[PDB]
Each structure stands twice: as structure tokens, then as C-alpha cells.
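Peer 1: Just dropping this structure here.
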Amino acid sequence: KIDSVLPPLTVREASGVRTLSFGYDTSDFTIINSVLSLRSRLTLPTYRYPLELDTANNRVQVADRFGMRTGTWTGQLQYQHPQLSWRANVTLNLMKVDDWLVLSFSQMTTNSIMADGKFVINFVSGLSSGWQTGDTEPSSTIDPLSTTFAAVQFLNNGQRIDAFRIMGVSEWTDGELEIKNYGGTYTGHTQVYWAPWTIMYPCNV
Amino acid sequence: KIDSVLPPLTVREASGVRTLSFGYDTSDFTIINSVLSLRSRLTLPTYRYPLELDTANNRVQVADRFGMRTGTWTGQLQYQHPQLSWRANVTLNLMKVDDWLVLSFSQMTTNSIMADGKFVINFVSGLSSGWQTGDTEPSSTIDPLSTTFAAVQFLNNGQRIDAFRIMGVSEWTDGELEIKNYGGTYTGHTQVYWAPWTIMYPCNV
Amino acid sequence: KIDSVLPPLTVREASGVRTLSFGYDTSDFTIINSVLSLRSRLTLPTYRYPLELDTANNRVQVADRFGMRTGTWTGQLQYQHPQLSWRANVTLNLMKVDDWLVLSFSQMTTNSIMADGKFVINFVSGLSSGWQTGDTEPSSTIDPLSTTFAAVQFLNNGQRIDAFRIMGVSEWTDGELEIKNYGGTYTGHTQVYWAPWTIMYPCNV
Ligand SMILES: CC(=O)N[C@H]1[C@H]([C@H](O)[C@H](O)CO)O[C@@](O[C@H]2[C@@H](O)[C@@H](CO)O[C@@H](O[C@H]3[C@H](O)[C@@H](O)[C@H](O)O[C@@H]3CO)[C@@H]2O)(C(=O)O)C[C@@H]1O
Ligand SMILES: CC(=O)N[C@H]1[C@H]([C@H](O)[C@H](O)CO)O[C@@](O[C@H]2[C@@H](O)[C@@H](CO)O[C@@H](O[C@H]3[C@H](O)[C@@H](O)[C@H](O)O[C@@H]3CO)[C@@H]2O)(C(=O)O)C[C@@H]1O
Ligand SMILES: CC(=O)N[C@H]1[C@H]([C@H](O)[C@H](O)CO)O[C@@](O[C@@H]2[C@@H](O)[C@H](O)O[C@H](CO)[C@@H]2O)(C(=O)O)C[C@@H]1O
């Protein structure tokens with residue numbers, strides 16, 4: 001039947017007995033259970049967010065949402081001072097940009113404030129869909145995480161007086177974000193007009 | 001002749017017939033068009049920017065430009081108010097840091113301004129090489145995207161008066177960036193000296 | 001002995017002699033030194049920081065420290081002006097967030113200052129463990145890299161006068177960071193109370 005044999009196939013006549021064998025690369029293959037098997041089958045790694053595998057085009061990429069994720073918080077902005085405290089209905093815009101959380105305040109009119117004080121935002125409830133309270137937790141306990149200025153107008157018996165307020169992100173406790181108002185320029189007033197302002201802090205959730 | 005046969009190769013006599021055959025692992029291989037073929041050939045993924053494959057060292061990395069990309073815009077800064085509007089020749093420095101665009105203003109001397117108003121930057125033309133107009137488009141329509149303060153000196157005509165201006169990134173339309181000046185401290189003046197200032201906004205291009 | 005063969009094996013006959021041969025997918029395999037060898041052995045890429053391979057779960061991810069790395073600098077904050085200069089003992093908090101370096105100043109009381117001037121931070125020494133001087137080098141030479149406002153109180157014979165100071169990150173030279181105080185509101189004073197403030201600049205180290 002079989003006259004000759006071509007590689008990988010070879011016939012070795014050792015001890016007057018002709019034996020047929022299959023030749024293979026030792027580092028590539030191995031015989032297990034009397035079959036040709038691959039030595040070291042390479043398993044492809046998985047990817048943790050913000051890295052993702054686009055299975056449709058077999059491409060690894062940074063998730064789009066990582067650069068920008070929007071949301072809103074609806075609740076009551078709490079002003080706190082031992083001698084004066086109030087609640088104002090606000091809706092603030094939120095945006096996750098990389099490892100930062102940005103809060104955007106639109107203009108607002110509030111009751112009067114003391115020379116210094118605290119603003120508290122309770123994220124326990126009020127977040128738009130897709131957002132969890134934990135998503136607003138800062139990635140550091142350093143105080144302050146960031147400071148910004150808010151431009152205001154103090155209303156005092158008809159006259160509008162331009163001033164500023166310095167605001168610092170200082171604490172986060174069980175979903176309550178605390179923004180300290182260290183001070184700034186001040187005058188006796190009845191009401192405050194706040195121009196829009198943004199504040200951001202590190203957040204890796 | 002052929003006396004013996006070593007694995008993967010095996011001989012089986014069944015139904016008075018002796019048939020030789022090649023022994024293979026069924027999860028590693030198969031037979032396609034009567035030849036040994038690999039089952040499940042693993043294809044290596046490609047990478048979308050800012051991820052890149054350094055082919056020279058077979059290493060996946062984040063592109064260097066992602067952390068920092070510089071540029072300049074040369075044009076006319078437009079101040080807009082219904083009762084007053086002007087154009088000033090400026091060159092502002094630009095830097096792309098991750099998913100942020102930073103605009104850096106050098107000191108400047110401009111005509112007088114109203115208590116509030118708009119600054120417009122037309123990116124349709126004026127960008128340095130490598131930059132396209134689309135590269136300045138914000139990644140969100142939230143208003144404001146960011147706010148900052150600019151320190152100014154109002155020339156009363158006899159005296160130089162220190163004040164501030166609050167600036168907010170508010171809109172981008174077909175290459176025109178709009179920076180609103182909500183207000184701040186103010187006095188009657190002939191001209192404005194602006195100290196340097198920076199403003200940044202989210203941008204994922 | 002051997003009655004017949006089966007695929008991959010074939011016994012083809014030509015030119016008067018019958019020969020046994022092994023069949024293979026020519027794209028998948030080849031013969032090298034008369035042995036079955038695979039073509040195109042896939043080599044897995046390595047990863048450059050902030051990308052890393054979690055070997056335990058065979059997963060590629062962004063390093064945790066990339067989003068947040070804390071530290072402290074302890075030294076003397078140097079104020080510089082041709083007609084006045086001093087040194088104050090400070091400890092400032094530092095945080096690396098992505099490609100940004102954030103400096104956090106706690107409240108401080110310093111000696112009096114001129115209408116404008118420079119603040120210098122010498123990172124050559126004073127950094128907490130894990131931090132090198134090179135880690136504070138900006139990723140661009142643009143001036144200013146960033147500006148912020150500091151809220152101050154000018155102390156002049158017991159009276160406290162609220163004002164602001166504009167601060168810009170302007171230069172880094174051999175470990176010395178320079179923060180220019182372009183100006184802001186001012187009055188004659190003997191000492192300055194500074195509210196807390198943060199400033200950040202691009203840094204890809
Ligand atoms: C940060 C923020 O949420 N800013 C709002 C603020 C604050 O909610 C508020 O001033 C804090 O004290 O209010 C602004 O005006 C809105 C406010 O007056 C509410 C009160 O009901 O009405 C909104 O519009 C109403 C309108 O009053 C109705 O007559 C109408 O039928 O429906 C509208 C629904 O929107 C005001 O826009 C403010 O500028 O003071 C808007 C800020 O965005
Ligand atoms: C943001 C920005 O671009 N700031 C510039 C500003 C503004 O261009 C300007 O003040 C807006 O009104 O100008 C600063 O000064 C430059 C300005 O006066 C221009 C006017 O020609 O000249 C520049 O230097 C010239 C110099 O005037 C010529 O005599 C000389 O032959 O060439 C020089 C270089 O072209 C001024 O630097 C300003 O300080 O207000 C500089 C800002 O960076
Ligand atoms: C940024 C910083 O390090 N801030 C410190 C600050 C400065 O060290 C200092 O005021 C610069 O002049 O000091 C603070 O605390 C002070 C002590 O450092 C000082 O030894 O004693 C002071 C009272 O006698 C004061 O308590 C401050 O000014 O509050 C603390 C701050 O974090």
C-alpha cells in the first residue's frame with residue numbers, strides 16, 4: 001500500500017523494526033491522551049472600566065462616558081450657621097469628566113447669609129436616573145479639595161451691592177456634601193442674588 | 001513495510017479493515033477541507049485613541065498628547081452688549097489636558113465695558129497648525145460649563161480701580177465660543193486693564 | 001499491516017510510487033525542520049503606566065493611583081518683591097489627579113505684602129515619601145498655566161479688611177514653582193489672613 005512517507009511523517013528502522021511517527025515542534029505542541037494538543041493555549045485578557053472591548057470591531061478603547069457623564073440633582077440647598085439657617089429649592093447640573101465631578105449652579109435668589117457659613121447638598125435622594133449617591137463621593141479627605149469664587153449681589157434696602165463669596169469643598173459624609181463659605185466681602189443685607197458658578201472636586205467612582 | 005505506529009498516529013482494525021489515522025485534541029483543532037486546521041483562531045485587538053500600540057516594543061500605552069497638547073488662537077476677542085461692542089486683537093494659549101480644554105489669557109488692555117456682557121471667540125479661523133475648529137467643541141451643553149474670576153483695573157480717568165469680573169463658559173455655536181461676564185464689582189471707566197487669567201471646560205475631541 | 005488512511009492523512013500515488021503525506025491548513029501551520037510548526041505565534045503585548053495587567057484575574061486596567069495620589073510638602077513659602085521679601089512655614093497638601101497636580105493651602109497668617117509680588121515653593125526638599133521633585137514639573141511652559149483667587153483679610157491696627165488676591169502658576173525652574181500675585185484689591189496693612197485655597201496645573205509625571 002504505502003511505498004514512501006513525506007515530512008512531518010518519518011519511518012525509523014531501529015532494531016530491525018520499521019516505526020512510523022509524526023514530527024512536531026516541541027514548544028508549539030504536545031501529546032496528551034495520545035493526541036496532538038497545543039502546548040500553552042493563550043487566553044485573551046478582560047478589561048476593567050474605563051477600558052472596554054468593542055467586540056463588534058475587536059478594538060480596545062476608553063469608554064465614551066469616561067470623558068463626559070451628565071446628570072442633575074434636585075433638592076434643597078441647605079445653608080447652615082448657628083444663628084441662621086434655611087433651605088432653598090435648587091436644581092444643579094452635574095458632570096463627571098474623567099476623575100472629576102463638576103457641579104454647576106444656575107443663578108439663584110436666596111435669603112440673607114452670615115459673614116461665614118456652610119452649604120449642604122444631600123445626595124441621599126434627588127439624583128437623576130443612572131446616578132447613585134455613592135457616585136458623588138470625593139476621592140480624597142484633604143480639606144479643602146477645591147475652592148472657587150461665587151459672585152453675589154447683596155440686597156439692602158433697595159440698593160444692590162456687588163461682592164464675592166469664597167467656596168470650598170470640605171467634606172462628604174454618608175451622601176451629604178459640605179461646601180464651606182469661608183467669607184469674602186460683606187455688608188448687611190436682606191437677600192442675596194447669586195450669579196451662576198461651578199465647583200469641581202476629585203471623584204473616581 | 002511499516003511494523004509499528006507511534007501517537008498521535010494510531011491504527012484500528014474494525015470490520016476486517018485496518019485504518020490509520022491522526023489523533024488530535026478536538027477543542028484545539030478540527031478537520032476542514034480534509035486538512036488539520038485550528039479551531040477558534042485568536043485575533044489580537046486593535047486600539048482606539050488615546051490607547052495606542054507601540055509596535056516597536058509590543059506595548060499598549062496611553063498616547064502622550066492625551067496629557068498635553070498645546071496650541072494658539074490668534075484673532076479678535078469680541079465684546080458684545082446691545083449698547084456697546086468692540087474687537088480686540090489677542091493671542092491666547094490653548095492646552096488640551098485629558099478631556100479638558102484650557103484657555104490662557106495674557107494681560108490685556110481693552111476699551112470700557114458695561115456692567116455685564118459677552119465675550120466671543122471665533123475659532124472658525126485663527127487656530128495654530130494641527131488644530132481644527134471642531135477641536136474646541138465642549139462635550140456638554142450645560143450652562144455654565146465652568147466659571148472663573150478675572151482681576152481687572154478700571155481706569156476712572158484719573159485713578160486706577162481694582163475690581164473683579166466673573167466669567168462663565170456658556171455656549172459654543174458653529175465654532176464660536178461664548179464667555180458670559182455675569183458681572184462683579186464695577187465703576188464708571190474709560191478703559192480696562194485685565195490681569196492674566198485661565199478658563200477651562202470639558203472637551204473630549 | 002495498514003489497510004487504509006483517513007484525513008488529514010492521504011496516500012497519493014503518482015509516477016509509479018504511492019506516498020503517505022499529512023495535510024494541513026497552510027495559513028494555520030507549516031513544516032520547519034521537517035516538523036509541524038505553527039505560523040504566526042501570537043505574542044501578548046505589555047502595558048505602560050497608567051495601564052497595567054492584573055495578572056491574578058488576567059485583566060487590563062487603569063492604575064488606581066492615576067485617579068488619586070496624595071502627598072504633602074513641608075517647607076517655607078517665599079514671598080518675593082524688590083522692596084519686601086519673607087519666608088513663612090507652611091505645609092500644603094498635594095494631589096495628583098490624572099494629568100493634574102493640585103495644591104491645597106490651609107488657612108494662614110503671613111507678614112504684610114506689596115500690591116503685587118511672587119510666591120515661591122521650593123520642591124527640591126520637603127516632599128513626603130514616594131514623591132520626587134520631578135513629580136511637580138508642569139507639562140507646559142505656557143504662562144499662566146492656571147489662575148485662581150485667594151480670599152484675604154488685611155489686618156491694619158486691629159481692623160480686618162476683606163479683599164482678594166489673584167494667583168497664577170507661572171513658572172517652574174529646577175524644582176522651584178513660582179506663583180505670581182498679579183494684584184487684586186488692596187489696602188495698607190501689617191499682616192495678612194489668607195482663607196484656604198487650591199490651585200492646580202497640568203502635570204503628566
Ligand atoms: C440653582 C437653581 O436651581 N437656580 C434656579 C433658581 C433657584 O431655584 C431659586 O432662586 C433658589 O431660591 O431660581 C431661578 O428662577 C426659578 C424660580 O423662581 C422658580 C420658582 O417657582 O420658578 C422658575 O420658573 C417657573 C416660573 O416661576 C413659573 O411661573 C412657570 O410657570 O414655571 C417655571 C418653571 O421653570 C424660575 O426659573 C432664578 O433665576 O432665581 C432659576 C434658577 O435656574
Ligand atoms: C491676550 C493677549 O493677546 N494679550 C496681549 C495684549 C493684547 O493683544 C491687547 O492689549 C488687547 O488690547 O497686549 C499686550 O501688549 C502687546 C500690544 O500692546 C501689541 C500692540 O501692537 O504690541 C505688543 O508688542 C509689540 C510692540 O508694541 C511693537 O512696538 C514691537 O515692534 O513689536 C512687539 C511685538 O509684536 C505688546 O506686547 C499687553 O501687555 O497689553 C501683550 C499681551 O500678551
Ligand atoms: C498652609 C499652612 O501650612 N497653614 C497653616 C498655618 C501656617 O503654618 C502659618 O500661619 C503661616 O504663617 O498656620 C495655622 O496654624 C498656626 C500655627 O502654625 C502657629 O504655630 O501658631 C498659630 C497660632 O499661634 C496658628 O495656630 C493657622 O494660621 O491657622 C494652621 C495652618 O494649617
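Going by the C-alpha cells order, chains are called A, B, ..., each with residues numbered from 1, while ligands are numbered from 1 in the order shown.
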Residues of chain B within 6 Å of chain C, counting only C-alpha atoms, what are they? List them as an MDAnalysis selection string.

Peer 2: chainID B and resid 18:21 34:37 58:61 67 162 197:198

Peer 1: So that each row is one residue of chain B with an atom at most 6 Å from ligand 2, can you give its shortest atom pair and the distance in Å to one decimal, using only C-alpha atoms and all ligand atoms, rows by chain and rising number, as a tab-separated table?

Peer 2:
residue	atom	partner	partner_atom_place_in_ligand_line	distance
B:88	CA	ligand 2	12 (O)	5.0
B:89	CA	ligand 2	8 (O)	5.0
B:90	CA	ligand 2	3 (O)	3.3
B:91	CA	ligand 2	3 (O)	3.9
B:92	CA	ligand 2	1 (C)	5.3
B:105	CA	ligand 2	1 (C)	4.6
B:106	CA	ligand 2	1 (C)	4.2
B:107	CA	ligand 2	4 (N)	5.1
B:108	CA	ligand 2	40 (O)	3.7
B:109	CA	ligand 2	10 (O)	4.1
B:110	CA	ligand 2	12 (O)	4.7

Peer 1: Select from stretch 140-190 of chain B everything DSSP, run on the backbone, classes as strand (DSSP E), then give the selection as a PyMOL selection string.

Peer 2: chain B and resi 146-155+160-173+176-183

Peer 1: Limited to N, CA, C and O atoms, could you put the picked residues into a file as a compact mmCIF listing (two decimals), in the first residue's frame?

Peer 2:
# COMPACT_ATOMS: atom_id res chain seq x y z
N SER B 146 -18.17 76.09 33.14
CA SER B 146 -17.23 76.49 34.17
C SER B 146 -17.22 77.97 34.35
O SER B 146 -17.51 78.71 33.41
N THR B 147 -16.94 78.42 35.56
CA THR B 147 -16.83 79.84 35.86
C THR B 147 -15.49 80.12 36.51
O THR B 147 -14.95 79.27 37.22
N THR B 148 -14.97 81.33 36.28
CA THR B 148 -13.74 81.79 36.90
C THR B 148 -13.80 83.29 37.11
O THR B 148 -14.67 83.98 36.56
N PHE B 149 -12.86 83.81 37.87
CA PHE B 149 -12.78 85.24 38.07
C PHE B 149 -11.57 85.83 37.33
O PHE B 149 -10.51 85.20 37.24
N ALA B 150 -11.76 87.04 36.79
CA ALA B 150 -10.69 87.79 36.16
C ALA B 150 -10.47 89.04 37.02
O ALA B 150 -11.44 89.68 37.49
N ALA B 151 -9.21 89.36 37.30
CA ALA B 151 -8.90 90.55 38.08
C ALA B 151 -8.69 91.69 37.12
O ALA B 151 -7.97 91.54 36.12
N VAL B 152 -9.34 92.83 37.38
CA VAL B 152 -9.22 93.98 36.49
C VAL B 152 -8.89 95.27 37.22
O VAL B 152 -9.03 95.35 38.45
N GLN B 153 -8.50 96.28 36.45
CA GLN B 153 -8.33 97.63 36.93
C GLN B 153 -9.13 98.52 36.01
O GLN B 153 -8.92 98.51 34.78
N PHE B 154 -10.08 99.25 36.59
CA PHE B 154 -10.89 100.20 35.84
C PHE B 154 -10.20 101.54 35.88
O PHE B 154 -9.82 102.00 36.96
N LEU B 155 -10.02 102.17 34.70
CA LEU B 155 -9.42 103.50 34.63
C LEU B 155 -10.58 104.52 34.68
O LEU B 155 -11.28 104.66 33.67
N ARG B 160 -6.84 104.44 39.18
CA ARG B 160 -6.90 103.03 38.71
C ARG B 160 -7.62 102.23 39.80
O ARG B 160 -7.13 102.18 40.92
N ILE B 161 -8.78 101.66 39.49
CA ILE B 161 -9.62 100.98 40.48
C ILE B 161 -9.67 99.47 40.32
O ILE B 161 -10.22 98.98 39.34
N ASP B 162 -9.14 98.74 41.32
CA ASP B 162 -9.12 97.28 41.34
C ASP B 162 -10.54 96.69 41.52
O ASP B 162 -11.31 97.13 42.39
N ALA B 163 -10.88 95.69 40.70
CA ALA B 163 -12.18 95.02 40.75
C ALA B 163 -12.06 93.62 40.18
O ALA B 163 -10.97 93.21 39.77
N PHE B 164 -13.17 92.88 40.16
CA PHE B 164 -13.19 91.55 39.57
C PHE B 164 -14.32 91.43 38.57
O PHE B 164 -15.29 92.18 38.62
N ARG B 165 -14.19 90.46 37.68
CA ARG B 165 -15.21 90.11 36.70
C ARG B 165 -15.40 88.61 36.77
O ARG B 165 -14.42 87.86 36.73
N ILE B 166 -16.65 88.16 36.90
CA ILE B 166 -16.93 86.73 36.89
C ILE B 166 -17.18 86.29 35.44
O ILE B 166 -17.97 86.93 34.73
N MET B 167 -16.50 85.24 34.99
CA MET B 167 -16.61 84.77 33.62
C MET B 167 -17.09 83.33 33.58
O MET B 167 -16.56 82.49 34.31
N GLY B 168 -18.08 83.04 32.74
CA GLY B 168 -18.59 81.69 32.59
C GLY B 168 -18.61 81.22 31.15
O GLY B 168 -19.02 81.96 30.25
N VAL B 169 -18.17 79.99 30.91
CA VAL B 169 -18.23 79.39 29.57
C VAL B 169 -19.68 78.95 29.41
O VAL B 169 -20.18 78.17 30.22
N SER B 170 -20.39 79.52 28.45
CA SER B 170 -21.82 79.30 28.34
C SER B 170 -22.35 78.65 27.08
O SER B 170 -23.42 78.04 27.12
N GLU B 171 -21.65 78.81 25.95
CA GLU B 171 -22.16 78.31 24.69
C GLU B 171 -21.09 78.15 23.64
O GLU B 171 -20.09 78.87 23.64
N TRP B 172 -21.33 77.23 22.72
CA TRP B 172 -20.47 77.01 21.56
C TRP B 172 -21.38 76.78 20.37
O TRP B 172 -22.24 75.90 20.41
N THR B 173 -21.25 77.61 19.34
CA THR B 173 -22.11 77.50 18.18
C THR B 173 -21.31 77.67 16.91
O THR B 173 -20.80 78.76 16.62
N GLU B 176 -18.02 79.25 17.36
CA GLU B 176 -17.98 80.47 18.15
C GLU B 176 -18.21 80.14 19.62
O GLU B 176 -19.30 79.71 20.01
N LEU B 177 -17.17 80.34 20.45
CA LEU B 177 -17.27 80.13 21.89
C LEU B 177 -17.75 81.40 22.57
O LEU B 177 -17.25 82.49 22.29
N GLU B 178 -18.73 81.27 23.45
CA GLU B 178 -19.28 82.41 24.15
C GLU B 178 -18.97 82.36 25.64
O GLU B 178 -19.30 81.39 26.32
N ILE B 179 -18.31 83.41 26.14
CA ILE B 179 -17.96 83.54 27.56
C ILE B 179 -18.74 84.71 28.15
O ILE B 179 -18.47 85.87 27.82
N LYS B 180 -19.71 84.40 29.00
CA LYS B 180 -20.54 85.43 29.60
C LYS B 180 -19.85 86.12 30.78
O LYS B 180 -19.24 85.45 31.62
N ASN B 181 -19.96 87.45 30.86
CA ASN B 181 -19.50 88.19 32.02
C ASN B 181 -20.74 88.60 32.81
O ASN B 181 -21.36 89.63 32.52
N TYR B 182 -21.15 87.75 33.77
CA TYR B 182 -22.35 87.97 34.59
C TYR B 182 -22.33 89.28 35.36
O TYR B 182 -23.39 89.85 35.64
N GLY B 183 -21.13 89.72 35.72
CA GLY B 183 -20.97 90.94 36.48
C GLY B 183 -19.73 90.94 37.33
O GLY B 183 -18.66 90.49 36.90

Peer 1: Measuring atom to atom with only C-alpha atoms, identify which of A:41, A:190, A:175, A:131 is nearest to residue A:158.

Peer 2: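 Going through A:41, A:190, A:175, A:131 one by one, the smallest distance to residue A:158 is for A:190.
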
Peer 1: Find the spatial neighbours of residue C:125, counting only C-alpha atoms, within a cut-off of 10 Å - ignore same-chain residues fewer than 2 positions away - and output them as a ChimeraX atom specification.

Peer 2: /C:73-75,121-123,127-128,132-133,175

Peer 1: Those same residues, written as a PDB file, in the first residue's frame with N, CA and C atoms?

Peer 2:
ATOM      1  N   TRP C  73       3.852  68.714  51.143  1.00  0.00           N
ATOM      2  CA  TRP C  73       5.112  69.415  51.048  1.00  0.00           C
ATOM      3  C   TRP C  73       5.252  70.277  52.285  1.00  0.00           C
ATOM      4  N   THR C  74       6.395  70.147  52.961  1.00  0.00           N
ATOM      5  CA  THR C  74       6.683  70.954  54.133  1.00  0.00           C
ATOM      6  C   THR C  74       7.914  71.765  53.841  1.00  0.00           C
ATOM      7  N   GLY C  75       7.764  73.065  53.972  1.00  0.00           N
ATOM      8  CA  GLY C  75       8.857  73.986  53.734  1.00  0.00           C
ATOM      9  C   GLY C  75       8.474  75.410  54.046  1.00  0.00           C
ATOM     10  N   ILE C 121       7.730  78.215  45.853  1.00  0.00           N
ATOM     11  CA  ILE C 121       7.711  76.961  46.581  1.00  0.00           C
ATOM     12  C   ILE C 121       8.880  76.126  46.095  1.00  0.00           C
ATOM     13  N   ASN C 122       9.826  75.826  47.001  1.00  0.00           N
ATOM     14  CA  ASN C 122      10.988  75.018  46.628  1.00  0.00           C
ATOM     15  C   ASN C 122      10.763  73.537  46.917  1.00  0.00           C
ATOM     16  N   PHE C 123      10.484  72.774  45.858  1.00  0.00           N
ATOM     17  CA  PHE C 123      10.211  71.351  45.970  1.00  0.00           C
ATOM     18  C   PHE C 123      11.477  70.513  46.018  1.00  0.00           C
ATOM     19  N   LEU C 127       9.244  67.240  50.263  1.00  0.00           N
ATOM     20  CA  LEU C 127       8.169  66.362  49.823  1.00  0.00           C
ATOM     21  C   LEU C 127       8.051  65.122  50.687  1.00  0.00           C
ATOM     22  N   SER C 128       6.818  64.652  50.890  1.00  0.00           N
ATOM     23  CA  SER C 128       6.552  63.443  51.662  1.00  0.00           C
ATOM     24  C   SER C 128       7.054  62.228  50.879  1.00  0.00           C
ATOM     25  N   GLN C 132       9.001  62.656  44.329  1.00  0.00           N
ATOM     26  CA  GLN C 132      10.276  63.201  43.869  1.00  0.00           C
ATOM     27  C   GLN C 132      10.039  64.626  43.389  1.00  0.00           C
ATOM     28  N   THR C 133      11.077  65.464  43.411  1.00  0.00           N
ATOM     29  CA  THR C 133      10.982  66.846  42.954  1.00  0.00           C
ATOM     30  C   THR C 133      10.447  66.923  41.532  1.00  0.00           C
ATOM     31  N   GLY C 175      12.885  72.691  40.161  1.00  0.00           N
ATOM     32  CA  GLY C 175      12.180  72.354  41.387  1.00  0.00           C
ATOM     33  C   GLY C 175      11.552  73.511  42.130  1.00  0.00           C
TER      34      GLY C 175
END

Peer 1: How many Å separate atom CA of residue C:66 from atom CA of residue C:101?

Peer 2: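 These two atoms are separated by 11.3 Å.
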
Peer 1: Tell me, as a list in words, which residues lie within 12 Å of residue A:130, counting only C-alpha atoms; anything in the same chain fewer than 5 positions away does not count.

Peer 2: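 The contact residues come out as residues 65, 69, 70, 71, 72, 73 and 135 of chain A.
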
Peer 1: Can I get the selected residues back with C-alpha atoms, as an mmCIF file, in the first residue's frame?

Peer 2:
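Output saved as result30.cif:
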data_model
loop_
_atom_site.group_PDB
_atom_site.id
_atom_site.type_symbol
_atom_site.label_atom_id
_atom_site.label_comp_id
_atom_site.auth_asym_id
_atom_site.auth_seq_id
_atom_site.Cartn_x
_atom_site.Cartn_y
_atom_site.Cartn_z
ATOM 1 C CA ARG A 65 -18.828 58.165 29.295
ATOM 2 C CA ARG A 69 -21.378 61.839 32.002
ATOM 3 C CA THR A 70 -24.180 64.300 32.762
ATOM 4 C CA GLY A 71 -26.866 64.349 35.428
ATOM 5 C CA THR A 72 -28.948 66.540 37.686
ATOM 6 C CA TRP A 73 -29.616 66.810 41.372
ATOM 7 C CA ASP A 135 -21.177 58.432 42.669
#

Peer 1: Just how far from atom CA of residue B:112 is atom CA of residue B:78, in Å to one decimal?

Peer 2: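 If I compute the distance from atom CA of residue B:78 to atom CA of residue B:112, I get 12.7 Å.
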
Peer 1: DSSP on the backbone: what in stretch 8-165 of chain B comes out alpha helix (DSSP H), as a VMD selection string?

Peer 2: chain B and resid 64 to 67

Peer 1: Do you have the atom 9 (C, counted along the ligand's line) of ligand 3-atom CA of residue C:187 distance handy?

Peer 2: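 So the two atoms, atom 9 (C, counted along the ligand's line) of ligand 3 and atom CA of residue C:187, lie 21.2 Å apart.
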
Peer 1: Could you pull the residues within 10 Å of residue C:84, counting only C-alpha atoms, minus those fewer than 6 positions along the same chain, as an MDAnalysis selection string?

Peer 2: chainID C and resid 112:114 117

Peer 1: Mind dumping the selected residues with C-alpha atoms as a PDB file, in the first residue's frame?

Peer 2:
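Written file, result.pdb:
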ATOM      1  CA  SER C 112       2.342  92.097  55.053  1.00  0.00           C
ATOM      2  CA  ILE C 113       2.697  92.141  51.226  1.00  0.00           C
ATOM      3  CA  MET C 114       3.082  94.641  48.374  1.00  0.00           C
ATOM      4  CA  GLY C 117       4.563  90.006  44.003  1.00  0.00           C
TER       5      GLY C 117
END
